[PDB]
Amino acid sequence: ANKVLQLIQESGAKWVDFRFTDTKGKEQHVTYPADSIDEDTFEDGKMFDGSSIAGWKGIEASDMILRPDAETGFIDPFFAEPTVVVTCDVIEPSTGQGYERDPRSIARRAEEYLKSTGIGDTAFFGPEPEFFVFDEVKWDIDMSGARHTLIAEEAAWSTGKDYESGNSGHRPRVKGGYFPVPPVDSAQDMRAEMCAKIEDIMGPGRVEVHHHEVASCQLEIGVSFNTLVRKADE
Amino acid sequence: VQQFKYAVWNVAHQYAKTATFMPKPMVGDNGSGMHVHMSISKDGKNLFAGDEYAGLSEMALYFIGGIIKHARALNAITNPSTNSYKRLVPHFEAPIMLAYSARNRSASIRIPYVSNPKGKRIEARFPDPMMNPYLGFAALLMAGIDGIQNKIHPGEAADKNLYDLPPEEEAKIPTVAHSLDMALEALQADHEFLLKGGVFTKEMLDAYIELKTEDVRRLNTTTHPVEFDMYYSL
Ligand SMILES: [Mg+2]
Ligand SMILES: [Mg+2]
């Protein structure tokens, strides 16, 4: 792959992380040495068992490593390791939606089923996913019962709790974390690092805005809109 | 009253527990209130019995009027605690509106279902147990008879609805005192009915007011935890 294979060369990476997405929408990864990865591999692919989407079939589907883009040096891990978030899942014959259905291929299908309809050449999606960051989170479910607890310094209810560094008293009140200044915000540098990592991954620009969402411990980072099968990967 | 309080205090104490006749000790749950039932008899005949309104004599209508007129002042002596105004809050189970009905809540004055007109009485729901029985009962009578003497009309009875939309009304509906502060200011202005009969000397009333003001001082001087919540990080 012009992108991937060249990136491998430039990075001097020894490891290539094939990443795909399960039906439930959870990214999965398997790691190969660079030696096995050739241009032909993008065509031929690397084969593997099916244990999430499928079963009983004893399915030996192939991970057709997709090539353009999603060729990102693994920002977090130690050894130089690019990722190929682009790994469409293909059946052995009928190069198609593997297992029950590979989401990425379903999306590729829809990509075609827009030009084919002659309605449009491309479709653009710009998601605004919100997340919470906690210090720590605990839960268990037994016959004894079901229990779950949220733990965070920034949590609205953490006033009155004891801390090592002491309690600042500067924390968002309930619903009232809409953009107050850093004493209480207690994120910022973290969001910044998140943004920096994003740029490492997808590319320069791409990151629009970072702010604190309303709920205590709730943060939003904005990423640029893109086409499907691109934005989806992003 | 005093004997009742004593009993409950001590019985509880014997059960290793503690009793309090405070209003609103717990926020977010019901306050403790002292509804006061009142009747007048003359040569052993209930003067409150009649056929004016829901079995009420004109006498009793005037009793009502006087109390409604002098209510804000009456809020000291009855509701004589800063805590009292935690109870007297725009919500449900709240005798905050200065009105009368037999079948309406949010009526500060209510006419009990008495069956036999022999025991016909009137109930004032705004007082809390903090009221001095002696001083409190007395003040209610004095205000009541001011009504009678001046033939004070209690106005129309609102039986319809507690608190609804403002047709420039309901907003206009009179409310009891918001603070001991206000109640004491009210009693400064309107103490005349008490002084009649020389029942209440001006020595004691002006004393009482000052002594109660120390309670107000305490509250107003002492920062409340809640202020931390709102103001600490501004
Ligand atoms: Mg938002
Ligand atoms: Mg009652």
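Residues numbered from 1 in each chain as written, not as in the entry; some residues may be left out. Chains lettered and ligands numbered in written order. Part of a larger assembly, values for the part shown. Heavy atoms only, no water. Residues with missing side-chain atoms left out of burial classes, pairs and counts.

Per the deposition metadata, X-ray crystallography was the technique used to determine this entry, at a resolution of 3.400 Å.

Naming follows the PDB entry, where chain B appears as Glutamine synthetase of Acinetobacter baumannii AB0057. According to the PDB record, the title of this entry is "Crystal structure of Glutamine Synthetase-apo".

By the naming in the PDB entry, chain A goes by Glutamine synthetase and is assigned to Acinetobacter baumannii AB0057.

S.K.: Give a description of a nonpolar patch on the surface that names residues and reports values.
M.R.: Residues and elements named next belong to chain A. Judged by side-chain polarity, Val137, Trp139, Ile141, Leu150 and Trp157 come together as a nonpolar surface patch covering roughly 570 Å² of accessible area. Among the elements that take part in the nonpolar patch, strand 10 (residues 136–141) stands out by supplying three residues, more than any other. Mapped onto the elements of the fold, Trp157 is located in the loop between strand 11 (146–151) and helix 4 (182–185). (Patch = residues over 30% accessible without salt bridge, like charges linked within 9 Å, V, L, I, M, F, W, Y side chains within 5 Å. Areas by Shrake-Rupley, 256 points an atom, 1.4 Å probe, with all protein chains shown as cover. Salt bridge = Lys/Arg side-chain N within 4 Å of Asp/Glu carboxyl O. Helix = DSSP H or I, 4+ residues; strand = E, 2+ residues; numbered from the N terminus.)

S.K.: Can you tell me about the coordination of the magnesium ion (ligand 2), naming the residues and giving the values?
M.R.: Note on metal geometry: ideal angles are 109.5 degrees for four donors arranged tetrahedrally and 90 or 180 degrees for six donors arranged octahedrally. All names here are of chain B. Distances from the magnesium ion (ligand 2) to its protein donors, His35 (ND1) and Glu123 (OE), fall at 2.4 Å. With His35 in the loop between helix 1 (2–14) and strand 1 (36–38) and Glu123 in strand 5 (residues 122–124), this pair connects stretches of sequence that are 88 residues apart. Note on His35: relative accessible area 37%, which makes it partly exposed. A relative accessible area of 5% means that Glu123 is categorised as buried. (Donors = N, O, S within 2.8 Å, 3.2 Å for Na, K, Ca; no water. Buried < 20%, exposed > 50% of the residue type's maximum accessible area, 1.4 Å probe, protein only.)

S.K.: So what about the environment of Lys118 of chain B? Which residues, and what values?
M.R.: Residues and elements named next belong to chain B. Summarising the element assignment, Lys118 is placed in the loop between strand 4 (107–110) and strand 5. We classify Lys118 as exposed; its relative accessible area is 68%. A sequence separation of 73 residues divides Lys118 from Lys45, and the C-alpha atoms of the two residues are 8.1 Å apart.

S.K.: Residues and numbers for the layout of surface pockets, please.
M.R.: Residue and element names in this part refer to chain B. The space that makes up the second largest pocket amounts to roughly 340 Å³. Taken together, 22 residues make up the lining of the second largest pocket; nearest its centre are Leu98, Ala99, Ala158, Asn161 and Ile173. Top element by residues in the lining of the second largest pocket is strand 3 (residues 97–101). It accounts for four residues. When the residues that make up the lining of the second largest pocket are grouped by side-chain class, the tally is twelve nonpolar, four polar and six charged. (1 Å grid on protein atoms, 1.4 Å probe; cavity = no way out; pocket = protein on both sides within 12 Å on 5 of 7 lines; lining within 4 Å. Points joined across faces, edges and corners; volume = space filled by probe spheres on them. Nonpolar A, V, L, I, M, F, W, Y, C, P; charged D, E, K, R; others polar.)

S.K.: With reference to specific residues and values, describe the side chain of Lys5 of chain B.
M.R.: Residue and element names in this part refer to chain B. Within the fold, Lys5 resides in helix 1. It turns out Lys5 is buried and unbridged, and the closest side chain with the opposite charge, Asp128, is 8.3 Å from it. For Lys5, the side chain forms a polar contact with the main-chain oxygen of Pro129, separated by 2.7 Å. Discounting chain neighbours no more than four positions away, the residues touching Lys5 are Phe21 and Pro129. (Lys, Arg positive; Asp, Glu negative; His and termini not counted. Polar contact = N/O pair within 3.5 Å; in protein donor to acceptor, adjacent residues only side chain to side chain. Contact = heavy atoms within 4.5 Å.)

S.K.: Quick rundown of the interface of chain B and chain A? Include the residues and the values.
M.R.: Contacts between the two partners involve four residues from chain B and, on the opposite side, five residues from chain A. Across the interface of chain B and chain A, roughly 370 Å² is buried in total on both sides, 42% from carbon and sulfur atoms. In terms of surface lost to chain A, no three residues of chain B exceed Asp229, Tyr232 and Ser233 of chain B, which account for 97% of the buried area on that side. Of the charged contacts in the structure, one is a salt bridge between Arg173 of chain A and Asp229 of chain B, with a shortest N-O distance of 3.1 Å. Where chain B touches chain A, the interface holds three residue pairs in polar contact. For the side of chain B that touches chain A, a count of residues per class yields two nonpolar, one polar and one charged. (Buried area = accessible area lost by both parts, 1.4 Å probe.)

S.K.: Can you tell me about helix 3 (residues 103–115) of chain A, naming the residues and giving the values?
M.R.: All names here are of chain A. Here helix 3 is 13 residues long and its end C-alpha atoms lie 19 Å apart, about the 18 Å a rise of 1.5 Å per residue gives. Listed in full, the buried residues belonging to helix 3 are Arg104, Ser105, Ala107, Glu111 and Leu114. In this fold, the buried residues of helix 3 make contact with strand 7 (87–90). (Expected span 1.5 Å × (residues − 1).)

S.K.: Would you mind going over the sheet that holds strand 1 (residues 15–21) of chain A in detail, with residue names and values included?
M.R.: Residues and elements named next belong to chain A. One open sheet accounts for four strands, arranged 2-1-6-5; its pairing is mixed. With partners counted over all chains shown, the strands left at the sheet margins are strand 2 (27–33) and strand 5 (71–73), one partner each. Adjacent strand axes in the sheet meet at a mean angle of 30° when their direction is disregarded. Sheet analysis places strand 5 next to strand 6 (residues 82–84), joined by three bridges and oriented antiparallel. (Pairing = 2+ DSSP bridges. Axes fitted to C-alpha atoms, helices over the stretch in contact; angles between N-to-C directions.)

S.K.: Give a detailed account of the coordination of the magnesium ion (ligand 1), specifying residues and quantitative values.
M.R.: All names here are of chain A. Bound to the magnesium ion (ligand 1) on the protein side are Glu130 (OE), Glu213 (OE) and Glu220 (OE), at distances that span 2.1 to 2.7 Å. The sequence motif formed by the donor residues of the magnesium ion (ligand 1) is E-x82-E-x6-E. No difference in accessibility class separates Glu213 from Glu220, as the two residues are buried.

S.K.: Go over the packing of helix 2 (residues 58–74) of chain B against helix 4 (residues 133–149) of chain B, please, and point to the residues and values.
M.R.: Packed helices, taken two at a time, are described by the angle their axes make and the gap between the axes. All names here are of chain B. At their nearest, the axes of helix 2 and helix 4 sit 6 Å apart, and the two run at 125° to each other. One element, helix 2, and the other, helix 4, form an angle in the oblique class. As helix 2 runs across helix 4, the sense of the crossing is right-handed. In this structure, helix 2 contributes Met59, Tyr62, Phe63, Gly66, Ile67, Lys69, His70 and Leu74 to the contact, and helix 4 contributes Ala139, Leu140, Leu141, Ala143, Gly144, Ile145, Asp146, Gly147 and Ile148. Grouping the constituent residues of the contact of helix 2 with helix 4 by class yields eleven nonpolar, four polar and two charged. (Parallel < 35°, antiparallel > 145°, perpendicular 65-115°, else oblique. Left-handed = near helix turned anticlockwise from the far one by under 90°.)

S.K.: So what's going on with the environment of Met38 of chain B? Residues and values would help.
M.R.: All names here are of chain B. On the secondary structure map, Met38 appears in strand 1. Assessed through its relative accessible area of 12%, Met38 is described here as buried. Sequence separation between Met38 and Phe63 is 25 residues, and the spatial gap between their C-alpha atoms is 9.7 Å. If we ignore the near neighbours within four places in the chain, the residues touching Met38 are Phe48, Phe63, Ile67, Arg121, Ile122, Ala124 and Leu140.

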